[PDB]
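The sequence shown begins at 1 in mature numbering (1 follows the signal peptide of the UniProt record, and there is no 0) and counts up by one.
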Amino acid sequence: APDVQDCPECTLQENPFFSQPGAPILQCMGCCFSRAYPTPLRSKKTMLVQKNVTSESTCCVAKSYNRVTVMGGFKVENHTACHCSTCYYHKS
Ligand SMILES: *[C@@H]1O[C@H](CO)[C@@H](O)[C@H](O)[C@H]1NC(C)=O
Ligand SMILES: *[C@@H]1O[C@H](CO)[C@@H](O)[C@H](O)[C@H]1NC(C)=O
């Protein structure tokens, strides 16, 4: 691709704190790319209807965690797995 749209590939960003010769904690951080597709609808009311987002801020709430609460009681849910989308409350 031309570039990276200033966004990496959603995943774990190994804890730059807990990372030690035997324990490289994490913290899912990145971008899960985007999947948009324009479609010529009808739009009842004004030119547009209701509010809609471009959809890109995908959430990969670690599918699985190995949580290793660090400094200030951090929580890297020592991510063992990360799955974009599916959050505790989408649309916000
Ligand atoms: C965190 O999870 C990764 C992947 O399973 C593992 O390699 C690492 O040892 C874990 N870190 C700790 C402190 O358990
Ligand atoms: C979002 O709303 C705008 C309103 O103008 C519309 O043009 C666009 O097609 C909508 N996007 C999607 C994915 O429906």
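Every residue, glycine too, gets a C-beta built ideally from N, C-alpha and C.
Cβ-heavy atom distance between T58 and ligand 2 below 7 Å? no
Please report how far the alpha carbon of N66 lies from the alpha carbon of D3, in whole angstroms. 33 Å
Could you compute how far the alpha carbon of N78 sits from the alpha carbon of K45? 47 Å
Are the CB atoms of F33 and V70 within a distance shorter than 8 Å? Judged by beta-carbon spacing, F33 lies beyond the 8 Å limit of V70, meaning their Cβ atoms are not closer than that value.
Our contact map puts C87 next to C10 with C-beta atoms below 8 Å; I'd like the distance itself, whole angstroms only. Contact doesn't hold; Cβ gap of about 12 Å is too wide.
Residues bridged to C32 by DSSP? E9
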